[PDB]
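The structure appears right after this line, and notes come after that.
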Amino acid sequence: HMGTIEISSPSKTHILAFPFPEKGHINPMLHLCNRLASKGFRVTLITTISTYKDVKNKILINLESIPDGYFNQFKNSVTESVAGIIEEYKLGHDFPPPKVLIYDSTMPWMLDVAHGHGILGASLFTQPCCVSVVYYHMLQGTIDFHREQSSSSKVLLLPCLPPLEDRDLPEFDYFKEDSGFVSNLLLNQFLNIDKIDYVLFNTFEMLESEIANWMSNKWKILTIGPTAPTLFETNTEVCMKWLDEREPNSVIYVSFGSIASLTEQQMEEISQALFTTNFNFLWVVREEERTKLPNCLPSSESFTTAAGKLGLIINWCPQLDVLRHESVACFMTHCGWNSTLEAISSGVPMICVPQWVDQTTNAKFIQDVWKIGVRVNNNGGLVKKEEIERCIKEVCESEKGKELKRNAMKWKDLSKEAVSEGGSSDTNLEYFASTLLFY
Ligand SMILES: C[C@]12CC[C@H](O)C[C@H]1CC[C@@H]1[C@@H]2CC[C@]2(C)[C@@H](c3ccc(=O)oc3)C[C@H]3O[C@]132
Ligand SMILES: O=c1ccn([C@@H]2O[C@H](COP(=O)(O)OP(=O)(O)O)[C@@H](O)[C@H]2O)c(=O)[nH]1
Numbered sequence: 088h089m090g091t092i093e094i095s096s097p098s099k100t101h102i103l104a105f106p107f108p109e110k111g112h113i114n115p116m117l118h119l120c121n122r123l124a125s126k127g128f129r130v131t132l133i134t135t136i137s138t139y140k141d142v143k144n145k146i147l148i149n150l151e152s153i154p155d156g157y158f159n160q161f162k163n164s165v166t167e168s169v170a171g172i173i174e175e176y177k178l179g180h181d182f183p184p185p186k187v188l189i190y191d192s193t194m195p196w197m198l199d200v201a202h203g204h205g206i207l208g209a210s211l212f213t214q215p216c217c218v219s220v221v222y223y224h225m226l227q228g229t230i231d232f233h234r235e236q237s238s239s240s241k242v243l244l245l246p247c248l249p250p251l252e253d254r255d256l257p258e259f260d261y262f263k264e265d266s267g268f269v270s271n272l273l274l275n276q277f278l279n280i281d282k283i284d285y286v287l288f289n290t291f292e293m294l295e296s297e298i299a300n301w302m303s304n305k306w307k308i309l310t311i312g313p314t315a316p317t318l319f320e321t322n323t324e325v326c327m328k329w330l331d332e333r334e335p336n337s338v339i340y341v342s343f344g345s346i347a348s349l350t351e352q353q354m355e356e357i358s359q360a361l362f363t364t365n366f367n368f369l370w371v372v373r374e375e376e377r378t379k380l381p382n383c384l385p386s387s388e389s390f391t392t393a394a395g396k397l398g399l400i401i402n403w404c405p406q407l408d409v410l411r412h413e414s415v416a417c418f419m420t421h422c423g424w425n426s427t428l429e430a431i432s433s434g435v436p437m438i439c440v441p442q443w444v445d446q447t448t449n450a451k452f453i454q455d456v457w458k459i460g461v462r463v464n465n466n467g468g469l470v471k472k473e474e475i476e477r478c479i480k481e482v483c484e485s486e487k488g489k490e491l492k493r494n495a496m497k498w499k500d501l502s503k504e505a506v507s508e509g510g511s512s513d514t515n516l517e518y519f520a521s522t523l524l525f526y
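To convert, count from 1 in the sequence shown and add 87; that's our numbering.
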């Protein structure tokens, strides 16, 4: 016998990944890249020059930099730079040519860049299935989503979703004159959905069974989350030492994510609740937000509270390590999807303080569907300290809070099952990996 065998393996398959330059898009892409590199794939991650440093410190993965109302031009710039990176890799020798580009779902034009260069495109959605179908329905323009909520109250019924009140819909009016643009960006994720080679969602099937099945019947979506493990952030040693020295189940973790900015009055209400509650607290107040703290209050600051507890204000923390720490009682969150799913994967019940876009819908599901949190009552009204304290008491000091915690521990076990061998998310990711190898 005489002939040649050709082997298609992860080690000689080159995966390109390109997140939108924002931490709630960068981070789940990174986690996915680590998982794919673990399977042996060659993974090159592309990111803008102004996020290269953060991505560089947080992480084996090859890293490439490109350059950065400025969105309309952002599309034009990264279309060109990523296309060039694809062609240069098509001609090199120290790497396999790219087989697939994993791109952020909010950049659907990258599908044309991939297909126009002869490679496959995988769209990574960074928000849950449930709010994403809301975007799809807004795009279809059949049902009327306009809200002059001063005139009456509406409740919207969509297939395979619970009834949504007005305050449960994605929040766009916060952006005022920019609401149309932000709206457009989320809706346009679905413009070319029938042409995407792989539709990836950072969620797990048991979490969103009804709507995921609905989507699975229209499109061939792959639920592959949580992508985070069951990434080196700044202040890791400082935060872990402080938490290590606290009592079990005693710390309220507070963070509003990477971009939300609260008013000075809102900061004062949160501050007065945290300084008077019967719990320790770790509160992330980003450097550029520190000036909105009450004047009566710099990498970090330590406090003894009016209730005799301890507080730490810090400009950033390793959130996943924080959420998995035994000292943490609950998570006061803006309900960004990464924060929500990270808390689910850690068993931490939540106090929901949503600010805009998908955070309002996420809080609806957190409180009423998954039943692992309580949502505060004001979408732009001030949340007063008395209301915050009410939610702390319900979550951390009530029999209802014990049930919320039991619920979160149940969902934590299911998220671990989903990404373990035989789990739905492990199967879907291996479907991605295996079929990329196909002849
Ligand atoms: C997150 C996102 C909406 C959700 C979805 O994934 C798409 C995201 C796109 C980028 C995001 C956008 C809305 C918030 C922004 C940070 C906004 C901004 C910039 C500077 C500032 O000072 O204030 C606000 C303008 C735009 O850069 C934003
Ligand atoms: O002190 C912090 C605060 C946030 N995060 C991370 O930053 C992401 C926040 O994204 P999310 O979807 O929750 O909200 P966004 O910032 O996009 O509004 C998550 O991966 C968090 O783990 C963090 O590592 N440290």
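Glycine included, each C-beta is placed from N, C-alpha and C at the ideal position.
Count the other CB atoms, across all protein chains shown, that sit within 10 Å of the CB of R129; report buried if there are 16 or more and exposed otherwise.
The residue labelled residue 129 in the question sits at position 42 within the sequence shown. Buried, by the Cβ-count rule.
Let me check understanding here. Comparing Cα to Cα, which of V372, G398, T392 lies closest to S386?
As a working mapping, residue 386 is identified with position 299 in the sequence shown. The candidate whose alpha carbon is nearest that of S386 is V372.
Do you know whose CA, among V415, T290, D455, lies nearest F212's CA?
The residue labelled residue 212 in the question sits at position 125 within the sequence shown. Ranking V415, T290, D455 by Cα distance to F212 puts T290 first.
Does the Cβ of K110 lie closer than 7 Å to at least one heavy atom of ligand 2?
Numbered from 1 along the sequence shown, position 23 holds the residue referred to as residue 110. Answer for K110: yes, Cβ within range of ligand 2.
Decide if the stretch 213 to 222 is in contact with the stretch 420 to 431; the criterion is three or more beta carbon pairs, one per stretch, under 8 Å apart.
Yes, they touch.
Using beta-carbon positions only, say whether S345 and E109 come within less than 8 Å of one another.
Along the sequence shown, one-based indexing puts residue 345 at 258. Along the sequence shown, one-based indexing puts residue 109 at 22. Cβ atoms of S345 and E109: closer than 8 Å.
Would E258 be called buried (16 or more neighbouring beta carbons within 10 Å of its own) or exposed?
Reading the sequence shown from its first residue, position 171 is the one you call residue 258. With 16 or more other Cβ atoms within 10 Å, it is buried.
With DSSP run on the structure shown, which of helix, strand or coil describes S270?
By 1-based counting over the sequence shown, the position of residue 270 is 183. In this structure, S270 counts as helix in the three-state DSSP scheme.
At a cut-off of 7 Å, would you count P215 as near ligand 2, judging by its Cβ distance to the nearest heavy atom?
Within the sequence shown, numbered from 1, the residue matching residue 215 stands at position 128. Outside the cutoff, so no.
Take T100 as the anchor and find which of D181, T135, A170 has the nearest alpha-carbon.
As a first step, residue 100 must be located in the sequence shown, where it is residue number 13. For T100, the nearest C-alpha among the options comes from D181.
Can you have a look at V242 and say buried or exposed, based on whether 16 or more other CB atoms are within 10 angstroms of its CB?
The residue labelled residue 242 in the question sits at position 155 within the sequence shown. By the neighbour-count rule (16 or more Cβ atoms within 10 Å), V242 is not buried but exposed.
Please state the DSSP three-state secondary structure of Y176.
Along the sequence shown, one-based indexing puts residue 176 at 89. Note: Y176 maps to helix in three-state DSSP.
Report the option in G228, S98, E252 whose CA atom is closest to the CA atom of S239.
Start at 1 with the first residue of the sequence shown, and residue 239 comes out as number 152. Of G228, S98, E252, the residue nearest in Cα terms is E252.
In whole angstroms, what is the alpha-carbon distance linking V440 and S96?
As a first step, residue 440 must be located in the sequence shown, where it is residue number 353. As a first step, residue 96 must be located in the sequence shown, where it is residue number 9. Spanning the two alpha carbons is a distance of roughly 46 Å.
Where do the N-terminal and C-terminal ends of the beta strand (DSSP E) with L211 fall, by residue?
Within the sequence shown, the letter at position 124 stands for residue 211. Run containing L211: 207 to 212, per the beta strand (DSSP E) assignment.
I'd like to confirm the pairing. Which residues does DSSP put opposite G156 in its beta bridges?
Taking the sequence shown and counting its residues from 1, one reaches residue 156 at position 69. Paired residues: none, contrary to the question.
Go ahead and label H88 buried or exposed: buried means 16 or more other beta carbons lie within 10 angstroms of its beta carbon, across all protein chains shown.
Looking up residue 88 in the sequence shown gives position 1. It is exposed - the Cβ of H88 has fewer than 16 other Cβ atoms within 10 Å.
For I479, report the span of its beta strand (DSSP E) as first-last.
Mapped onto the sequence shown, residue 479 falls at position 392. Note, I479: premise wrong, no beta strand (DSSP E); alpha helix (DSSP H) at 472 to 483.
Keeping to the same chain, check which residues put their C-beta closer than 8 Å to that of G127; ignore five residues upstream and five downstream.
Locating residue 127 in the sequence shown gives position 40, where the first residue counts as 1. Cβ within range, chain order: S96, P97, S98.
Near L245, which residues of its chain fall below 8 Å by C-beta distance, leaving aside the five closest residues on each side in sequence?
For the purposes of this step, residue 245 is identified with residue 158 of the sequence shown, where counting begins at 1. Contacts found: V220, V221, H224, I230, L251.
The beta strand (DSSP E) spanning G398 covers which residue range?
For the purposes of this step, residue 398 is taken as residue 311 along the sequence shown, with counting starting at 1. Residues 397 to 401.
Within its chain, find whatever has a CB closer than 7 Å to the CB of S337; leave out the 5 residues flanking it on each side and keep chain order.
As a first step, residue 337 must be located in the sequence shown, where it is residue number 250. Correct list, in chain order: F366, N367, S414, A416.
Whole-angstrom Cβ separation of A360 and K480, contact assumed at under 8 Å?
What you label residue 360 is simply residue 273 of the sequence shown in a count that begins at 1. What you label residue 480 is simply residue 393 of the sequence shown in a count that begins at 1. Their Cβ separation, rounded to whole angstroms, is 11 Å, which puts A360 and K480 out of contact at 8 Å.
Taking only three categories from DSSP, how would you classify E388?
By 1-based counting over the sequence shown, the position of residue 388 is 301. Note: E388 maps to strand in three-state DSSP.
I believe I92 touches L117 by the beta-carbon criterion, under 8 Å. Please report the beta-carbon distance rounded to the nearest angstrom.
Here residue 92 is taken as the residue at index 5 of the sequence shown, counted from 1. Here residue 117 is taken as the residue at index 30 of the sequence shown, counted from 1. About 35 Å; that fails the 8 Å criterion.
Got a sec? Which residues, its chain only, sit under 8 Å from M496 by beta carbon, not counting five neighbours each side?
Translated into the one-based positions of the sequence shown, residue 496 becomes position 409. For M496, where only same-chain residues beyond five positions count, the Cβ hits under 8 Å are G434.
With a threshold of 7 Å (Cβ to nearest heavy atom), would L407 be considered close to ligand 3?
With respect to small molecules bound, the structure shown includes ligand 1 and ligand 2 and not ligand 3.
Which value, in whole angstroms, describes the spacing of the CA atoms of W196 and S296?
Locating residue 196 in the sequence shown gives position 109, where the first residue counts as 1. Locating residue 296 in the sequence shown gives position 209, where the first residue counts as 1. Spanning the two alpha carbons is a distance of roughly 29 Å.
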